[PDB]
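Letter by letter, the chains look like this.
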Amino acid sequence: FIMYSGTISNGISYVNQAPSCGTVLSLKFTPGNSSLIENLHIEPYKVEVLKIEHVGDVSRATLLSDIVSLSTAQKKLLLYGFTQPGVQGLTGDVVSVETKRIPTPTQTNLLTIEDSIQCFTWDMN
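Residues numbered from 1 in each chain as written, not as in the entry; some residues may be left out. Heavy atoms only, no water. Residues with missing side-chain atoms left out of burial classes, pairs and counts.

**Here we look at the packing of aromatic side chains**
In the structure shown here, the tally under the stated rule is four aromatic pairs. Consider the rings of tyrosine 14 and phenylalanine 82, whose centres lie 6.2 Å apart with planes at 70°: the pair is edge-to-face. Linking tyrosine 14 in the loop between strand 1 (6–7) and strand 2 (24–30) with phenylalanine 82 in the loop between helix 1 (72–80) and strand 7 (90–92), this pair joins segments that are 68 residues apart in sequence. Each member of the pair, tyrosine 14 as well as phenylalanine 82, carries the same accessibility label: buried. By way of ring pairs, the aromatic residues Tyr14, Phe29, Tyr45, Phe82 and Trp122 are connected into one cluster. (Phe/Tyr/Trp six-rings, centres within 6.5 Å; stacked < 30°, edge-to-face > 60°. Helix = DSSP H or I, 4+ residues; strand = E, 2+ residues; numbered from the N terminus. Buried < 20%, exposed > 50% of the residue type's maximum accessible area, 1.4 Å probe, protein only.)

The following block contains the structure:
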């Protein structure tokens, strides 16, 4: 099980496969002034992902975040990096990620995000 930290580029996956059940993954994203994914501007954010599941025809991540809602840019930057093909459509000022396992969630906003892609999936329980 491999986690990636550093400069994000197209084809990067933050993990190489789904972690085992119960894993909480912290990812902190630091863009520049003009970082774009699929023409959408990326602002900084921190997430603690409790699980990603497939529901119907979408991937659904349940996470705790330092911010009240994620933009489409932040959703795609996160979820594309949880797929085998990895991040796509990223350009502009470099974005860095730090990815780590943490023992317990710390952030205070519970968010559910989805996209019609094939993320790596793992359960919380």
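**Some remarks on the pattern of salt bridges**
Counting across every chain of the model gives five salt bridges. Residue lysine 51 pairs with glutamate 53 through a salt bridge whose shortest N-O separation is 3.1 Å. Take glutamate 53: its relative accessible area is 19%, and that puts it in the buried class. Across the pair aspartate 115 and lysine 76 runs a salt bridge whose closest N-O atoms are separated by 2.9 Å. With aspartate 115 in strand 9 (residues 109–115) and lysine 76 in helix 1, this residue pair connects regions lying 39 residues apart in the sequence. Summarising the burial analysis for this pair, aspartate 115 and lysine 76 share the class buried. (Salt bridge = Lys/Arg side-chain N within 4 Å of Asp/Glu carboxyl O.)

**Quick notes on the sheet that holds strand 1**
Spatially, 1-8-2-5-6-9 is the arrangement adopted by the six strands of the open sheet, whose pairing is antiparallel. Both outer strands of the open sheet, strand 1 and strand 9, are each paired with one neighbouring strand and no more. On the sheet, helix 1 packs against strand 2, strand 5 (45–55), strand 6 (58–65) and strand 9 and is oriented at approximately 75° with respect to strand 9. (Pairing = 2+ DSSP bridges. Contact = heavy atoms within 4.5 Å. Axes fitted to C-alpha atoms, helices over the stretch in contact; angles between N-to-C directions.)

**Section: the sheet that holds strand 7**
In spatial order, the strands read 4-3-7; together these three strands make up an open sheet with antiparallel pairing. Strand pairing shows two members of the sheet lacking a second neighbour, strand 4 (40–41) and strand 7, which therefore form its edges. Here strand 3 (residues 35–37) pairs with strand 7 via three bridges, running antiparallel. Looking at the pairing, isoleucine 37 lines up with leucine 90 of strand 7. The strands touched by helix 1 within the sheet are strand 3, strand 4 and strand 7, with strand 3 carrying the most contacts at an inclination of about 70°.

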